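File shown: data.csv. Contents: CSV, N, CA, C and O atoms and all ligand atoms.
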chain,number,residue,atom,x,y,z
A,11,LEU,N,-7.8,9.3,-5.0
A,11,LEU,CA,-8.4,9.2,-6.3
A,11,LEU,C,-8.9,7.8,-6.6
A,11,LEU,O,-10.1,7.4,-6.4
A,12,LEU,N,-8.0,6.9,-7.0
A,12,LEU,CA,-8.4,5.5,-7.2
A,12,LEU,C,-8.0,4.7,-5.9
A,12,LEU,O,-7.0,4.9,-5.4
A,13,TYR,N,-8.8,3.7,-5.6
A,13,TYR,CA,-8.5,2.9,-4.4
A,13,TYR,C,-7.6,1.7,-4.8
A,13,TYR,O,-7.7,1.2,-5.9
A,14,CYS,N,-6.8,1.2,-3.9
A,14,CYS,CA,-6.0,0.0,-4.2
A,14,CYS,C,-6.9,-1.2,-4.4
A,14,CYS,O,-7.7,-1.5,-3.6
A,15,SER,N,-6.6,-2.0,-5.4
A,15,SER,CA,-7.5,-3.2,-5.6
A,15,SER,C,-7.2,-4.1,-4.5
A,15,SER,O,-8.0,-4.9,-4.1
A,16,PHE,N,-6.0,-4.0,-3.9
A,16,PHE,CA,-5.6,-4.9,-2.8
A,16,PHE,C,-5.9,-4.2,-1.4
A,16,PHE,O,-6.7,-4.7,-0.6
A,17,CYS,N,-5.3,-3.0,-1.2
A,17,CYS,CA,-5.5,-2.3,0.1
A,17,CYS,C,-6.9,-1.7,0.1
A,17,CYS,O,-7.5,-1.5,1.1
A,18,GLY,N,-7.5,-1.3,-1.1
A,18,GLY,CA,-8.8,-0.7,-1.1
A,18,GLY,C,-8.8,0.5,-0.2
A,18,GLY,O,-9.9,1.1,0.1
A,19,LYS,N,-7.7,1.0,0.2
A,19,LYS,CA,-7.6,2.2,1.0
A,19,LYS,C,-7.6,3.4,0.1
A,19,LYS,O,-7.3,3.4,-1.1
A,20,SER,N,-8.1,4.6,0.6
A,20,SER,CA,-8.1,5.8,-0.3
A,20,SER,C,-6.7,6.2,-0.7
A,20,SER,O,-5.7,5.7,-0.1
A,21,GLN,N,-6.6,7.0,-1.7
A,21,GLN,CA,-5.3,7.4,-2.2
A,21,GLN,C,-4.5,8.1,-1.1
A,21,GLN,O,-3.3,7.9,-0.9
A,22,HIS,N,-5.1,8.9,-0.3
A,22,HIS,CA,-4.4,9.6,0.8
A,22,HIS,C,-4.5,8.8,2.1
A,22,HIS,O,-3.8,9.1,3.1
A,23,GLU,N,-5.4,7.8,2.2
A,23,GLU,CA,-5.5,7.1,3.5
A,23,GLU,C,-4.2,6.4,3.8
A,23,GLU,O,-3.9,6.1,5.0
A,24,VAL,N,-3.4,6.1,2.8
A,24,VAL,CA,-2.1,5.3,3.1
A,24,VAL,C,-1.0,6.4,3.3
A,24,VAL,O,-1.0,7.4,2.7
A,25,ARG,N,0.0,6.1,4.1
A,25,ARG,CA,1.1,7.0,4.3
A,25,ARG,C,1.9,7.2,3.0
A,25,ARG,O,2.3,8.3,2.6
A,26,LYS,N,2.1,6.1,2.3
A,26,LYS,CA,2.8,6.2,1.0
A,26,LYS,C,1.9,5.8,-0.2
A,26,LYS,O,1.4,4.7,-0.2
A,27,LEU,N,1.7,6.7,-1.1
A,27,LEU,CA,0.9,6.3,-2.3
A,27,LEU,C,1.6,6.7,-3.6
A,27,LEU,O,2.0,7.8,-3.7
A,28,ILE,N,1.6,5.8,-4.6
A,28,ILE,CA,2.2,6.2,-5.9
A,28,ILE,C,1.1,6.5,-6.9
A,28,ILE,O,0.2,5.7,-7.0
A,29,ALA,N,1.2,7.6,-7.5
A,29,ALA,CA,0.1,7.9,-8.5
A,29,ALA,C,0.6,7.6,-9.9
A,29,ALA,O,1.7,7.9,-10.3
A,30,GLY,N,-0.3,7.0,-10.7
A,30,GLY,CA,0.1,6.7,-12.1
A,30,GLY,C,-1.1,7.1,-13.1
A,30,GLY,O,-2.2,7.2,-12.7
A,31,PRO,N,-0.8,7.4,-14.3
A,31,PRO,CA,-1.8,7.8,-15.3
A,31,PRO,C,-3.1,7.0,-15.2
A,31,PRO,O,-4.1,7.4,-15.6
A,32,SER,N,-3.0,5.8,-14.6
A,32,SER,CA,-4.3,5.0,-14.5
A,32,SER,C,-4.1,3.9,-13.4
A,32,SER,O,-5.0,3.1,-13.1
A,33,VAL,N,-3.0,3.9,-12.7
A,33,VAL,CA,-2.7,2.8,-11.7
A,33,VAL,C,-2.3,3.5,-10.3
A,33,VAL,O,-1.4,4.3,-10.3
A,34,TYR,N,-3.0,3.1,-9.3
A,34,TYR,CA,-2.6,3.7,-7.9
A,34,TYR,C,-2.3,2.6,-7.0
A,34,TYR,O,-3.1,1.6,-6.8
A,35,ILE,N,-1.1,2.6,-6.3
A,35,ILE,CA,-0.8,1.5,-5.4
A,35,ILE,C,0.0,2.1,-4.2
A,35,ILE,O,0.6,3.1,-4.3
A,36,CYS,N,-0.2,1.4,-3.1
A,36,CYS,CA,0.5,2.0,-1.8
A,36,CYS,C,1.8,1.1,-1.6
A,36,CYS,O,2.2,0.2,-2.3
A,37,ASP,N,2.4,1.3,-0.4
A,37,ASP,CA,3.7,0.5,-0.1
A,37,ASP,C,3.3,-0.9,0.3
A,37,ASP,O,4.0,-1.9,0.0
A,38,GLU,N,2.3,-1.1,1.0
A,38,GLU,CA,1.9,-2.5,1.5
A,38,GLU,C,1.6,-3.4,0.3
A,38,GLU,O,1.9,-4.6,0.3
A,39,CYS,N,0.9,-2.9,-0.7
A,39,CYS,CA,0.5,-3.8,-1.8
A,39,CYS,C,1.8,-4.3,-2.5
A,39,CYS,O,2.0,-5.5,-2.7
A,40,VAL,N,2.7,-3.4,-2.9
A,40,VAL,CA,3.9,-3.9,-3.6
A,40,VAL,C,4.8,-4.7,-2.6
A,40,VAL,O,5.4,-5.7,-3.0
A,41,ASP,N,4.9,-4.2,-1.4
A,41,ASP,CA,5.8,-4.9,-0.4
A,41,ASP,C,5.3,-6.4,-0.2
A,41,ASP,O,6.0,-7.3,-0.3
A,42,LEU,N,4.0,-6.5,0.0
A,42,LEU,CA,3.4,-7.9,0.2
A,42,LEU,C,3.4,-8.6,-1.2
A,42,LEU,O,3.7,-9.8,-1.3
A,43,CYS,N,3.0,-7.9,-2.2
A,43,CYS,CA,2.8,-8.6,-3.6
A,43,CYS,C,4.2,-8.9,-4.1
A,43,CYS,O,4.5,-9.9,-4.6
A,44,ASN,N,5.2,-7.9,-4.0
A,44,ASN,CA,6.5,-8.2,-4.5
A,44,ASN,C,7.1,-9.4,-3.8
A,44,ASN,O,7.8,-10.2,-4.5
A,45,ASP,N,6.9,-9.6,-2.6
A,45,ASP,CA,7.4,-10.8,-1.9
A,45,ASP,C,6.8,-12.1,-2.5
A,45,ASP,O,7.5,-13.1,-2.7
A,46,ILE,N,5.5,-12.1,-2.7
A,46,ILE,CA,4.9,-13.3,-3.3
A,46,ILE,C,5.3,-13.5,-4.8
A,46,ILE,O,5.8,-14.6,-5.1
A,47,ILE,N,5.2,-12.5,-5.6
A,47,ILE,CA,5.6,-12.7,-7.0
A,47,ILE,C,7.1,-13.0,-7.1
A,47,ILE,O,7.6,-13.7,-8.0
A,48,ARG,N,7.9,-12.5,-6.2
A,48,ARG,CA,9.4,-12.7,-6.3
A,48,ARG,C,9.7,-14.0,-5.5
A,48,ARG,O,10.8,-14.5,-5.6
B,11,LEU,N,-4.1,-8.0,-19.4
B,11,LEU,CA,-5.5,-7.4,-19.2
B,11,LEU,C,-5.3,-5.9,-19.1
B,11,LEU,O,-5.6,-5.2,-20.1
B,12,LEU,N,-4.9,-5.4,-18.0
B,12,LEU,CA,-4.8,-3.9,-17.9
B,12,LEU,C,-3.3,-3.5,-18.1
B,12,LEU,O,-2.4,-4.2,-17.6
B,13,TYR,N,-3.0,-2.5,-18.8
B,13,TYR,CA,-1.6,-2.1,-19.0
B,13,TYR,C,-1.1,-1.2,-17.8
B,13,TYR,O,-1.8,-0.5,-17.2
B,14,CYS,N,0.2,-1.2,-17.6
B,14,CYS,CA,0.7,-0.4,-16.4
B,14,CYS,C,0.6,1.0,-16.8
B,14,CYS,O,1.0,1.5,-17.9
B,15,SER,N,0.2,1.9,-15.9
B,15,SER,CA,0.1,3.3,-16.2
B,15,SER,C,1.5,3.8,-16.4
B,15,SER,O,1.7,4.8,-17.1
B,16,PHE,N,2.5,3.2,-15.8
B,16,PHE,CA,3.9,3.6,-16.0
B,16,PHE,C,4.6,2.8,-17.1
B,16,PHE,O,5.1,3.4,-18.0
B,17,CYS,N,4.6,1.5,-17.0
B,17,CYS,CA,5.2,0.6,-18.0
B,17,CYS,C,4.4,0.6,-19.3
B,17,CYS,O,4.9,0.4,-20.4
B,18,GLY,N,3.1,0.7,-19.2
B,18,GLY,CA,2.2,0.7,-20.4
B,18,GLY,C,2.5,-0.7,-21.1
B,18,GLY,O,2.0,-0.9,-22.2
B,19,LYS,N,3.2,-1.6,-20.5
B,19,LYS,CA,3.4,-2.9,-21.1
B,19,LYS,C,2.2,-3.8,-20.9
B,19,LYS,O,1.5,-3.6,-19.9
B,20,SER,N,2.0,-4.7,-21.7
B,20,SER,CA,0.9,-5.7,-21.6
B,20,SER,C,1.0,-6.4,-20.3
B,20,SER,O,2.1,-6.5,-19.7
B,21,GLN,N,-0.1,-7.0,-19.8
B,21,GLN,CA,0.0,-7.8,-18.5
B,21,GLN,C,1.0,-8.9,-18.6
B,21,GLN,O,1.7,-9.2,-17.7
B,22,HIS,N,1.1,-9.6,-19.8
B,22,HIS,CA,2.0,-10.7,-19.9
B,22,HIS,C,3.3,-10.2,-20.6
B,22,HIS,O,4.3,-10.9,-20.6
B,23,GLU,N,3.4,-9.0,-21.2
B,23,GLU,CA,4.6,-8.5,-21.8
B,23,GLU,C,5.7,-8.4,-20.8
B,23,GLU,O,6.9,-8.5,-21.1
B,24,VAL,N,5.4,-8.3,-19.5
B,24,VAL,CA,6.5,-8.2,-18.5
B,24,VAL,C,6.8,-9.5,-17.9
B,24,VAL,O,5.9,-10.4,-17.9
B,25,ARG,N,8.0,-9.7,-17.4
B,25,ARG,CA,8.3,-11.1,-16.8
B,25,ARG,C,7.6,-11.3,-15.5
B,25,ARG,O,7.1,-12.3,-15.2
B,26,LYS,N,7.4,-10.2,-14.7
B,26,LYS,CA,6.7,-10.3,-13.4
B,26,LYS,C,5.5,-9.4,-13.5
B,26,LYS,O,5.7,-8.2,-13.7
B,27,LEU,N,4.3,-9.9,-13.2
B,27,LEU,CA,3.1,-9.0,-13.3
B,27,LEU,C,2.2,-9.4,-12.1
B,27,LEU,O,1.9,-10.5,-11.8
B,28,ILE,N,1.8,-8.4,-11.3
B,28,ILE,CA,0.9,-8.7,-10.2
B,28,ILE,C,-0.5,-8.3,-10.6
B,28,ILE,O,-0.8,-7.2,-11.1
B,29,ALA,N,-1.5,-9.2,-10.4
B,29,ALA,CA,-2.9,-8.9,-10.8
B,29,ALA,C,-3.7,-8.5,-9.6
B,29,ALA,O,-3.6,-9.1,-8.5
B,30,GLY,N,-4.5,-7.5,-9.7
B,30,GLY,CA,-5.4,-7.1,-8.6
B,30,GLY,C,-6.8,-6.8,-9.1
B,30,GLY,O,-7.0,-6.6,-10.2
B,31,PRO,N,-7.7,-6.9,-8.2
B,31,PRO,CA,-9.2,-6.7,-8.6
B,31,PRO,C,-9.4,-5.5,-9.5
B,31,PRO,O,-10.3,-5.5,-10.2
B,32,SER,N,-8.4,-4.6,-9.5
B,32,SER,CA,-8.6,-3.4,-10.5
B,32,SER,C,-7.2,-2.8,-10.7
B,32,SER,O,-7.2,-1.7,-11.3
B,33,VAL,N,-6.2,-3.3,-10.2
B,33,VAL,CA,-4.8,-2.7,-10.4
B,33,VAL,C,-3.8,-3.7,-10.9
B,33,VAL,O,-3.7,-4.8,-10.4
B,34,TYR,N,-3.1,-3.3,-11.9
B,34,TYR,CA,-2.1,-4.2,-12.5
B,34,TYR,C,-0.7,-3.5,-12.5
B,34,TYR,O,-0.6,-2.4,-13.0
B,35,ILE,N,0.3,-4.1,-11.9
B,35,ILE,CA,1.6,-3.4,-11.9
B,35,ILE,C,2.7,-4.4,-12.1
B,35,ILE,O,2.6,-5.6,-11.7
B,36,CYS,N,3.8,-4.1,-12.7
B,36,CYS,CA,4.9,-5.0,-12.9
B,36,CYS,C,6.1,-4.8,-11.9
B,36,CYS,O,5.9,-4.0,-11.0
B,37,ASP,N,7.2,-5.4,-12.0
B,37,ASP,CA,8.3,-5.2,-11.0
B,37,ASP,C,9.0,-3.9,-11.2
B,37,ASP,O,9.4,-3.2,-10.3
B,38,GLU,N,9.2,-3.5,-12.5
B,38,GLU,CA,9.9,-2.2,-12.7
B,38,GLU,C,9.1,-1.0,-12.1
B,38,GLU,O,9.7,-0.1,-11.6
B,39,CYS,N,7.9,-1.0,-12.3
B,39,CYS,CA,7.1,0.2,-11.7
B,39,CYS,C,7.3,0.3,-10.2
B,39,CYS,O,7.6,1.4,-9.7
B,40,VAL,N,7.0,-0.7,-9.5
B,40,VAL,CA,7.2,-0.6,-8.0
B,40,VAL,C,8.7,-0.5,-7.7
B,40,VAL,O,9.0,0.3,-6.8
B,41,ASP,N,9.6,-1.1,-8.4
B,41,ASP,CA,11.0,-1.0,-8.0
B,41,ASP,C,11.4,0.4,-8.3
B,41,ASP,O,12.1,1.0,-7.4
B,42,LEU,N,11.1,1.0,-9.4
B,42,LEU,CA,11.5,2.4,-9.6
B,42,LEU,C,10.6,3.4,-8.8
B,42,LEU,O,11.1,4.4,-8.3
B,43,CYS,N,9.3,3.1,-8.7
B,43,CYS,CA,8.4,4.0,-7.9
B,43,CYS,C,8.8,3.9,-6.4
B,43,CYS,O,8.8,4.9,-5.7
B,44,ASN,N,8.9,2.7,-5.9
B,44,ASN,CA,9.2,2.5,-4.5
B,44,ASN,C,10.5,3.3,-4.1
B,44,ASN,O,10.6,3.9,-3.1
B,45,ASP,N,11.5,3.3,-5.0
B,45,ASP,CA,12.7,4.0,-4.7
B,45,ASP,C,12.4,5.5,-4.6
B,45,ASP,O,13.0,6.2,-3.8
B,46,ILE,N,11.6,6.0,-5.5
B,46,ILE,CA,11.3,7.5,-5.5
B,46,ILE,C,10.4,7.8,-4.2
B,46,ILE,O,10.7,8.7,-3.5
B,47,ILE,N,9.3,7.2,-4.1
B,47,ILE,CA,8.4,7.5,-2.9
B,47,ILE,C,9.2,7.2,-1.6
B,47,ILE,O,9.0,7.9,-0.6
B,48,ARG,N,10.0,6.2,-1.6
B,48,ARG,CA,10.7,5.9,-0.3
B,48,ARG,C,12.0,6.8,-0.2
B,48,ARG,O,12.6,6.9,0.9
C,1,ZN,ZN,-2.1,-0.6,-1.9
C,2,ZN,ZN,4.6,-1.8,-14.5

Here is a file; write its structure as structure tokens.
Amino acid sequence: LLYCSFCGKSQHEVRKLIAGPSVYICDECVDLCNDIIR
Amino acid sequence: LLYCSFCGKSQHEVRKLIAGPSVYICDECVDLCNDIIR
């Protein structure tokens, strides 16, 4: 549905995808982003 | 800027917020979502 602003990969193109009422993110985005923000 | 589809909290309302070209998510969303998807 929505592409990752970071991964830009399709919702199903990634092995793990989390769907939200308006936000879509995969595991690499949070894994890489969580490490930076944390 | 954009509210979390899950947290619905403002971009600055959360202590940790990751900004993306079109996706905004905080630590609780990925922490709780990552545990479920993983
Ligand atoms: Zn992603
Ligand atoms: Zn959030």

Exercise. What separation in Å, quoted to one decimal, exists between atom CA of residue B:44 and atom N of residue B:11?
Worked result: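 Atom CA of residue B:44 sits 22.6 Å away from atom N of residue B:11.
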
Problem set entry | Distance filter 6 Å, all atoms listed in the file, chain A against chain B, as a PyMOL selection string | chain A and resi 15-16+30-34

Output, as a PDB file with N, CA, C and O atoms, in the frame of the given file, the coordinates of chain B following least-squares superposition onto chain A across all in-order C-alpha pairs.
ATOM      1  N   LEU B  11      -7.765   9.278  -4.984  1.00  0.00           N
ATOM      2  CA  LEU B  11      -8.460   9.207  -6.352  1.00  0.00           C
ATOM      3  C   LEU B  11      -8.839   7.752  -6.551  1.00  0.00           C
ATOM      4  O   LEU B  11     -10.043   7.431  -6.390  1.00  0.00           O
ATOM      5  N   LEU B  12      -7.948   6.926  -6.932  1.00  0.00           N
ATOM      6  CA  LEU B  12      -8.372   5.508  -7.212  1.00  0.00           C
ATOM      7  C   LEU B  12      -7.998   4.635  -5.968  1.00  0.00           C
ATOM      8  O   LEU B  12      -6.926   4.838  -5.369  1.00  0.00           O
ATOM      9  N   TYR B  13      -8.796   3.761  -5.545  1.00  0.00           N
ATOM     10  CA  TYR B  13      -8.468   2.925  -4.382  1.00  0.00           C
ATOM     11  C   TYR B  13      -7.597   1.679  -4.818  1.00  0.00           C
ATOM     12  O   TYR B  13      -7.687   1.178  -5.858  1.00  0.00           O
ATOM     13  N   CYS B  14      -6.843   1.161  -3.873  1.00  0.00           N
ATOM     14  CA  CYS B  14      -5.936   0.006  -4.289  1.00  0.00           C
ATOM     15  C   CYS B  14      -6.820  -1.146  -4.437  1.00  0.00           C
ATOM     16  O   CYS B  14      -7.714  -1.521  -3.612  1.00  0.00           O
ATOM     17  N   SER B  15      -6.603  -2.000  -5.439  1.00  0.00           N
ATOM     18  CA  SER B  15      -7.405  -3.172  -5.642  1.00  0.00           C
ATOM     19  C   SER B  15      -7.114  -4.099  -4.499  1.00  0.00           C
ATOM     20  O   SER B  15      -7.958  -4.936  -4.158  1.00  0.00           O
ATOM     21  N   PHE B  16      -5.951  -4.044  -3.894  1.00  0.00           N
ATOM     22  CA  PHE B  16      -5.623  -4.880  -2.730  1.00  0.00           C
ATOM     23  C   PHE B  16      -5.903  -4.186  -1.396  1.00  0.00           C
ATOM     24  O   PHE B  16      -6.625  -4.730  -0.620  1.00  0.00           O
ATOM     25  N   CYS B  17      -5.344  -3.027  -1.185  1.00  0.00           N
ATOM     26  CA  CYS B  17      -5.552  -2.226   0.033  1.00  0.00           C
ATOM     27  C   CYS B  17      -6.970  -1.666   0.097  1.00  0.00           C
ATOM     28  O   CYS B  17      -7.561  -1.443   1.146  1.00  0.00           O
ATOM     29  N   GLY B  18      -7.518  -1.300  -1.033  1.00  0.00           N
ATOM     30  CA  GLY B  18      -8.901  -0.724  -1.105  1.00  0.00           C
ATOM     31  C   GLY B  18      -8.818   0.580  -0.192  1.00  0.00           C
ATOM     32  O   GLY B  18      -9.865   1.170   0.046  1.00  0.00           O
ATOM     33  N   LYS B  19      -7.682   1.017   0.231  1.00  0.00           N
ATOM     34  CA  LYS B  19      -7.601   2.246   0.988  1.00  0.00           C
ATOM     35  C   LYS B  19      -7.654   3.462   0.089  1.00  0.00           C
ATOM     36  O   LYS B  19      -7.236   3.333  -1.068  1.00  0.00           O
ATOM     37  N   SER B  20      -8.064   4.516   0.549  1.00  0.00           N
ATOM     38  CA  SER B  20      -8.117   5.806  -0.193  1.00  0.00           C
ATOM     39  C   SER B  20      -6.760   6.139  -0.681  1.00  0.00           C
ATOM     40  O   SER B  20      -5.735   5.703  -0.097  1.00  0.00           O
ATOM     41  N   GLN B  21      -6.635   6.985  -1.725  1.00  0.00           N
ATOM     42  CA  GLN B  21      -5.241   7.408  -2.193  1.00  0.00           C
ATOM     43  C   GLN B  21      -4.463   8.059  -1.102  1.00  0.00           C
ATOM     44  O   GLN B  21      -3.304   7.890  -0.966  1.00  0.00           O
ATOM     45  N   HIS B  22      -5.134   8.903  -0.220  1.00  0.00           N
ATOM     46  CA  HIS B  22      -4.401   9.592   0.790  1.00  0.00           C
ATOM     47  C   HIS B  22      -4.561   8.804   2.126  1.00  0.00           C
ATOM     48  O   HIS B  22      -3.848   9.072   3.080  1.00  0.00           O
ATOM     49  N   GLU B  23      -5.442   7.801   2.290  1.00  0.00           N
ATOM     50  CA  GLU B  23      -5.566   7.030   3.490  1.00  0.00           C
ATOM     51  C   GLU B  23      -4.291   6.331   3.814  1.00  0.00           C
ATOM     52  O   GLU B  23      -3.951   6.042   4.972  1.00  0.00           O
ATOM     53  N   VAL B  24      -3.410   6.084   2.838  1.00  0.00           N
ATOM     54  CA  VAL B  24      -2.134   5.385   3.162  1.00  0.00           C
ATOM     55  C   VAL B  24      -1.034   6.332   3.342  1.00  0.00           C
ATOM     56  O   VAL B  24      -1.113   7.479   2.796  1.00  0.00           O
ATOM     57  N   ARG B  25      -0.008   5.970   4.082  1.00  0.00           N
ATOM     58  CA  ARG B  25       1.129   7.008   4.283  1.00  0.00           C
ATOM     59  C   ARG B  25       1.938   7.180   3.044  1.00  0.00           C
ATOM     60  O   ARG B  25       2.321   8.210   2.678  1.00  0.00           O
ATOM     61  N   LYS B  26       2.092   6.092   2.218  1.00  0.00           N
ATOM     62  CA  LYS B  26       2.864   6.173   0.959  1.00  0.00           C
ATOM     63  C   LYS B  26       1.906   5.817  -0.144  1.00  0.00           C
ATOM     64  O   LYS B  26       1.394   4.696  -0.118  1.00  0.00           O
ATOM     65  N   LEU B  27       1.787   6.650  -1.179  1.00  0.00           N
ATOM     66  CA  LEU B  27       0.829   6.294  -2.282  1.00  0.00           C
ATOM     67  C   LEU B  27       1.539   6.742  -3.588  1.00  0.00           C
ATOM     68  O   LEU B  27       2.050   7.789  -3.771  1.00  0.00           O
ATOM     69  N   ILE B  28       1.639   5.818  -4.555  1.00  0.00           N
ATOM     70  CA  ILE B  28       2.231   6.195  -5.827  1.00  0.00           C
ATOM     71  C   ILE B  28       1.122   6.428  -6.825  1.00  0.00           C
ATOM     72  O   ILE B  28       0.176   5.642  -7.019  1.00  0.00           O
ATOM     73  N   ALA B  29       1.160   7.571  -7.561  1.00  0.00           N
ATOM     74  CA  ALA B  29       0.087   7.894  -8.539  1.00  0.00           C
ATOM     75  C   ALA B  29       0.550   7.579  -9.927  1.00  0.00           C
ATOM     76  O   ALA B  29       1.708   7.862 -10.326  1.00  0.00           O
ATOM     77  N   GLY B  30      -0.263   6.986 -10.726  1.00  0.00           N
ATOM     78  CA  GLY B  30       0.073   6.728 -12.141  1.00  0.00           C
ATOM     79  C   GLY B  30      -1.081   7.072 -13.064  1.00  0.00           C
ATOM     80  O   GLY B  30      -2.137   7.189 -12.664  1.00  0.00           O
ATOM     81  N   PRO B  31      -0.724   7.309 -14.266  1.00  0.00           N
ATOM     82  CA  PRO B  31      -1.805   7.760 -15.305  1.00  0.00           C
ATOM     83  C   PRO B  31      -3.066   6.929 -15.219  1.00  0.00           C
ATOM     84  O   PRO B  31      -4.044   7.403 -15.566  1.00  0.00           O
ATOM     85  N   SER B  32      -2.941   5.745 -14.592  1.00  0.00           N
ATOM     86  CA  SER B  32      -4.284   4.934 -14.452  1.00  0.00           C
ATOM     87  C   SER B  32      -4.029   3.917 -13.329  1.00  0.00           C
ATOM     88  O   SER B  32      -4.920   3.042 -13.225  1.00  0.00           O
ATOM     89  N   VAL B  33      -2.985   3.901 -12.690  1.00  0.00           N
ATOM     90  CA  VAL B  33      -2.730   2.884 -11.567  1.00  0.00           C
ATOM     91  C   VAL B  33      -2.313   3.527 -10.278  1.00  0.00           C
ATOM     92  O   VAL B  33      -1.458   4.386 -10.246  1.00  0.00           O
ATOM     93  N   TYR B  34      -2.952   3.111  -9.244  1.00  0.00           N
ATOM     94  CA  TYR B  34      -2.653   3.684  -7.920  1.00  0.00           C
ATOM     95  C   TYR B  34      -2.272   2.535  -6.927  1.00  0.00           C
ATOM     96  O   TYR B  34      -3.036   1.602  -6.797  1.00  0.00           O
ATOM     97  N   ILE B  35      -1.110   2.589  -6.322  1.00  0.00           N
ATOM     98  CA  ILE B  35      -0.775   1.477  -5.411  1.00  0.00           C
ATOM     99  C   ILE B  35      -0.069   2.022  -4.205  1.00  0.00           C
ATOM    100  O   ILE B  35       0.650   3.065  -4.260  1.00  0.00           O
ATOM    101  N   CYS B  36      -0.165   1.468  -3.045  1.00  0.00           N
ATOM    102  CA  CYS B  36       0.504   1.922  -1.859  1.00  0.00           C
ATOM    103  C   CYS B  36       1.788   1.096  -1.475  1.00  0.00           C
ATOM    104  O   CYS B  36       2.133   0.259  -2.294  1.00  0.00           O
ATOM    105  N   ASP B  37       2.428   1.257  -0.405  1.00  0.00           N
ATOM    106  CA  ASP B  37       3.667   0.467  -0.102  1.00  0.00           C
ATOM    107  C   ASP B  37       3.346  -0.929   0.310  1.00  0.00           C
ATOM    108  O   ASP B  37       4.001  -1.895  -0.002  1.00  0.00           O
ATOM    109  N   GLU B  38       2.236  -1.099   1.103  1.00  0.00           N
ATOM    110  CA  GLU B  38       1.915  -2.495   1.514  1.00  0.00           C
ATOM    111  C   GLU B  38       1.597  -3.413   0.291  1.00  0.00           C
ATOM    112  O   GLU B  38       1.945  -4.552   0.320  1.00  0.00           O
ATOM    113  N   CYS B  39       0.888  -2.931  -0.573  1.00  0.00           N
ATOM    114  CA  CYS B  39       0.570  -3.849  -1.796  1.00  0.00           C
ATOM    115  C   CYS B  39       1.841  -4.321  -2.476  1.00  0.00           C
ATOM    116  O   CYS B  39       1.979  -5.531  -2.732  1.00  0.00           O
ATOM    117  N   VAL B  40       2.639  -3.446  -2.898  1.00  0.00           N
ATOM    118  CA  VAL B  40       3.910  -3.917  -3.579  1.00  0.00           C
ATOM    119  C   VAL B  40       4.800  -4.620  -2.547  1.00  0.00           C
ATOM    120  O   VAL B  40       5.373  -5.640  -2.960  1.00  0.00           O
ATOM    121  N   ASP B  41       4.862  -4.263  -1.310  1.00  0.00           N
ATOM    122  CA  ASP B  41       5.788  -4.949  -0.415  1.00  0.00           C
ATOM    123  C   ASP B  41       5.212  -6.305  -0.212  1.00  0.00           C
ATOM    124  O   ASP B  41       6.041  -7.291  -0.260  1.00  0.00           O
ATOM    125  N   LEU B  42       3.963  -6.514   0.025  1.00  0.00           N
ATOM    126  CA  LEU B  42       3.469  -7.891   0.172  1.00  0.00           C
ATOM    127  C   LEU B  42       3.341  -8.631  -1.200  1.00  0.00           C
ATOM    128  O   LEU B  42       3.607  -9.825  -1.273  1.00  0.00           O
ATOM    129  N   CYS B  43       2.940  -7.902  -2.248  1.00  0.00           N
ATOM    130  CA  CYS B  43       2.849  -8.552  -3.601  1.00  0.00           C
ATOM    131  C   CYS B  43       4.285  -8.916  -4.078  1.00  0.00           C
ATOM    132  O   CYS B  43       4.485  -9.966  -4.666  1.00  0.00           O
ATOM    133  N   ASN B  44       5.176  -7.966  -4.025  1.00  0.00           N
ATOM    134  CA  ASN B  44       6.522  -8.181  -4.508  1.00  0.00           C
ATOM    135  C   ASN B  44       7.144  -9.466  -3.837  1.00  0.00           C
ATOM    136  O   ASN B  44       7.781 -10.252  -4.426  1.00  0.00           O
ATOM    137  N   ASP B  45       6.870  -9.649  -2.532  1.00  0.00           N
ATOM    138  CA  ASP B  45       7.403 -10.786  -1.866  1.00  0.00           C
ATOM    139  C   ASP B  45       6.796 -12.057  -2.471  1.00  0.00           C
ATOM    140  O   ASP B  45       7.461 -13.076  -2.566  1.00  0.00           O
ATOM    141  N   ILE B  46       5.519 -12.033  -2.729  1.00  0.00           N
ATOM    142  CA  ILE B  46       4.831 -13.284  -3.279  1.00  0.00           C
ATOM    143  C   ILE B  46       5.366 -13.492  -4.783  1.00  0.00           C
ATOM    144  O   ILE B  46       5.740 -14.562  -5.107  1.00  0.00           O
ATOM    145  N   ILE B  47       5.166 -12.564  -5.607  1.00  0.00           N
ATOM    146  CA  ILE B  47       5.619 -12.752  -7.056  1.00  0.00           C
ATOM    147  C   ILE B  47       7.148 -13.039  -7.058  1.00  0.00           C
ATOM    148  O   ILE B  47       7.611 -13.806  -7.912  1.00  0.00           O
ATOM    149  N   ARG B  48       7.880 -12.425  -6.205  1.00  0.00           N
ATOM    150  CA  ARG B  48       9.363 -12.676  -6.288  1.00  0.00           C
ATOM    151  C   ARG B  48       9.706 -13.991  -5.473  1.00  0.00           C
ATOM    152  O   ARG B  48      10.834 -14.527  -5.609  1.00  0.00           O
TER     153      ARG B  48
END

For this session: Pull the helix (DSSP H, G or I) assignments for chain A out of DSSP run on the backbone, and list those residues as number ranges by chain.
Result: A: 37-47

Problem set entry | Between atom CA of residue A:45 and atom CA of residue B:22, distance in Å (one decimal) |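 Atom CA of residue B:22 lies at a distance of 18.8 Å from atom CA of residue A:45.
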
Centre, x/y/z edge lengths, axis-aligned box for stretch 26-30 of chain A with 8 Å per side, as JSON:
{"center_x": 0.3, "center_y": 6.3, "center_z": -5.4, "size_x": 21.0, "size_y": 19.2, "size_z": 31.4}

Exercise. What is the atom CA of residue B:38-atom ZN of ligand ZN 2 (chain C) distance in Å, reported with one decimal?
Worked result: 5.6 Å

Exercise. Can you list every residue in chain B that DSSP puts in strand (DSSP E or B), as a ChimeraX atom specification?
Worked result: /B:27-29,34-36
